[PDB]
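One chain follows as structure tokens, the form deposited in one PDB entry.
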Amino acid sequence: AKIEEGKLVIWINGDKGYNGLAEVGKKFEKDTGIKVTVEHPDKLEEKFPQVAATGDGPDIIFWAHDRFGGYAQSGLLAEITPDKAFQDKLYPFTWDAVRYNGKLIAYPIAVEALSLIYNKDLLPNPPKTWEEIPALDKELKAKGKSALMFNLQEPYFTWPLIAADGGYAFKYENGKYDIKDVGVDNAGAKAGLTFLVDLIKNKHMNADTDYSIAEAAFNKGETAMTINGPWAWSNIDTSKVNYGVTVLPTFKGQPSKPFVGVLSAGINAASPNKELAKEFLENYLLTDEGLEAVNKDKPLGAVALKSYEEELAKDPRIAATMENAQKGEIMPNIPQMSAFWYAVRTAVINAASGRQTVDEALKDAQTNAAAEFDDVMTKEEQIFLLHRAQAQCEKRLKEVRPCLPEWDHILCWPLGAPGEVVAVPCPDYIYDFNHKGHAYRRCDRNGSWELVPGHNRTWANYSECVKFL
């Protein structure tokens, strides 16, 4: 399908309820005469930014919210205009996930998180810890089964383990995700990835396992557990496997932390059907009946629409989804997310296949991601940002016992209490600084900034700020 005025083309991932969505499309056509074509191309999230400029995109694209900041920076999304009454129908935190630089850039549909799914006939009590899986697999192999199979090809599925003991994508500091502060190669990420690679080393899992392989093995009853989202429940229902959905195992006593996605619908900037797309999304899809149709095809998870979520919340499988979601973290939607995922994808694949050691693979991923992020800001921009901060300090200085404000060439010091150590967060406007650190001065009992013995120098300690250099 190609875009045409007076009809709608919608893209959604092949794991989602595209047939349920087409039923919503059918009702839209019945009512309005506007034909709706739903497609599920492979790699649609990469394809969209490639083909939009040629006029080969959809009118509406569905994906988890994490990709949308990138699309918005590239000018590929139309602005959406839900009035206040409409916005009030959805949970505020679902709107937050689709807010980029203060604008709503897509409609939220549903909250997704991975859970542990287990076969109750093979395993009545699911393991509480990752650590106990190796012995569980040993026991099951003897009966011609395996403990656990999940998609190892996509970092989304391995992340919850990587994050458990301390891995993170970007640090949130000073009211934003700090792209200088990337947590892909710290001790926590390395611990989690090592545990995974050890499972492979010890033949508890196979490095080649992908989504379809894992799904079939669980649904055929060949493996005791899988890790998957709410969309997978339908096929399990069909297979008649006796299954439960539960909290992911802990690692080193800590919860697994899945990255939480809000499935969202954005409108192509190049669509001549923006008003029809709005009508479809607000008045047909985002209704009790619209979401039920999609949900009955493949479960959406916790829907963004409050009225319908209030029903679905009583489902124990949704209760488990929300439990894992709260233990996890909502994904950033910043443009840097695709580069983050690429780096982790490569790191996991390389570690799992033995191409690299765990430490090499994550160091490389961290290095390559950071190389890209650290190239954004020019010297000229960085000078401009410091100059702005200087002009602010000079304002504060003009408006002036405690120590007094002064400019030290990088930061404006505040008042300091007599005889005290003064700590100032490492300034946000210095791109390369560590922003979870503080710079330090000492204030005299006499209300003068402490000097360096045998110098006219003022003492300051910026060692925490320079952590990354």
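Here, rigid core means the biggest group of C-alpha atoms that superpose within 1.5 Å across both forms. We number the residues from 1 along the sequence you see.
What comes next is about the form deposited in another entry, which does not appear here.
- Fit the rigid core and compare the CA positions between this form and the one not shown: of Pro418, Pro41, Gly55, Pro49, just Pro418 moves by 2 angstroms or more.
- After superposition on the rigid core, displacement of the C-alpha of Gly447 between this form and the one not shown amounts to 2 Å or more.
- In a rigid-core overlay of the protein, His435 has its C-alpha displaced by at least 2 Å between this form and the one not shown.
- In the core-superposed comparison between this form and the one not shown, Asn202 has its Cα shifted by less than 2 Å.
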